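Take a look at this single chain, the form deposited in one PDB entry, given in structure tokens.
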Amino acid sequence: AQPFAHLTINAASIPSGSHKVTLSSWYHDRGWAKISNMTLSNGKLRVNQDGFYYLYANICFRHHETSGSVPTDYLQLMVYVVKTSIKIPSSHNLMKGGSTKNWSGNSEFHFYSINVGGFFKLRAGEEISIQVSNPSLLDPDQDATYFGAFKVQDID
């Protein structure tokens, strides 16, 4: 039963704000959202089996003029895949991606997606979480905002 997970964002709990925050609302059993041998605790994917896993995340940001105004036109759309654990409580970034975007002008719709992927050694007990800026601009669709992991091979 090789470990893996593909979590999709749960808009039914999308926090407001523009500052860097951790996302804790994800789906694990519906649509493309699956999970196995791994446990999820409010946007905190816990590893139960040691191994080399490939981790990835796809976060889509969007804004339509019809939704109203945004604090500032110069945005910083960032995504951070973080690892946390009992021994190491502090957060450490495994991957970082994103871009500054000027969403000014009279344009009606603005969109931008970010993707990151990497190969990492994970020990049971360690947890991966997703931190992003401007969580209010996140796209709610499961094909738009998601993150996952899957074991590729055992640790030597």
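Think of the rigid core as the biggest set of C-alphas that the two forms share within 1.5 Å after superposition. Position 1 is the first residue in the sequence shown; the rest follow in order.
The question of which stretch, 123-131 or 26-34, has the higher mean Cα B factor is settled in favour of 26-34.
Two stretches are in play, 16-24 and 136-144, and the higher mean C-alpha B-factor belongs to 16-24. Out of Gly97, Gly68, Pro89, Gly118, the entry records its largest CA B-factor for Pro89. In this PDB entry, the Cα temperature factor of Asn42 sits in the top third of its chain's modelled residues, the highest group. Annotation for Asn106: CA B-factor lies in the highest third of the chain's modelled residues.
This next part talks about the form deposited in another entry, which is not shown.
Rigid-core fit between the shown form and the other one: of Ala33, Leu40, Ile114, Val70, the one residue whose Cα shifts 2 angstroms or more is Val70.
Remark: with the core as the superposition reference, the CA shift of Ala124 between the shown form and the other one stays below 2 Å.
Annotation for the pair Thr22/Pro71: C-alpha atoms recede from each other in that other deposited form, by 3 Å or more compared with this form.
Relative to this form, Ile9 and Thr72 separate from one another in that other deposited form, with their C-alpha atoms ending up at least 3 Å farther apart.
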